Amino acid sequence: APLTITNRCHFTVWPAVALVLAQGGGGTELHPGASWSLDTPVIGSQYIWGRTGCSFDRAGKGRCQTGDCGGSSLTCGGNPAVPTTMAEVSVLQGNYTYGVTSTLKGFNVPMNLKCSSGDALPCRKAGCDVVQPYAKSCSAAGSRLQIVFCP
């Protein structure tokens, strides 16, 4: 509420959110079963992807096994390492559109993008998007976006 990223894999994933035109981004560590509640901007679009096999020290430098974006400092920008599953979310004041690919940058983690007002958009193996825009629209006053890993 309003954006939620959930990890349904049996392994830890490291979600990363970066806006399309910005040098860097943010994220968290998600243990199996854990979710990340996020607040959404009035405007703009964001890339959302998961990273696996991240090992960091107390500072901490380190790299992720898949979907690594400049290590700890999530600067790329918007270009994590192949392979990685790429989810895109655009926002208008209130309205959401959500799209995903597993062809452009490969496939690492299966995804499911869904809205409480919209229809489900699955991406469970590589090649889920036949052609872009592989996206659905969501349009409510109090709607709720969900990204699931390993749905």
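Each residue number is its position in the shown sequence, starting from 1.
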Residue 148: C-alpha B-factor third of its chain, per the entry, is the lowest
Among all modelled residues of this chain, ranked by Cα B factor, put residue 28 in the bottom, middle or top third, i.e. lowest, middle or highest. lowest
Please place residue 60 in the lowest, middle or highest third of its chain by C-alpha B factor as given in the entry. highest
For residue 142, does the deposited CA B-factor place it in the lowest, middle or highest third of the chain? highest
Grab the CA temperature factor for residue 89 from the record and place it in the lowest, middle or highest third of its chain. middle
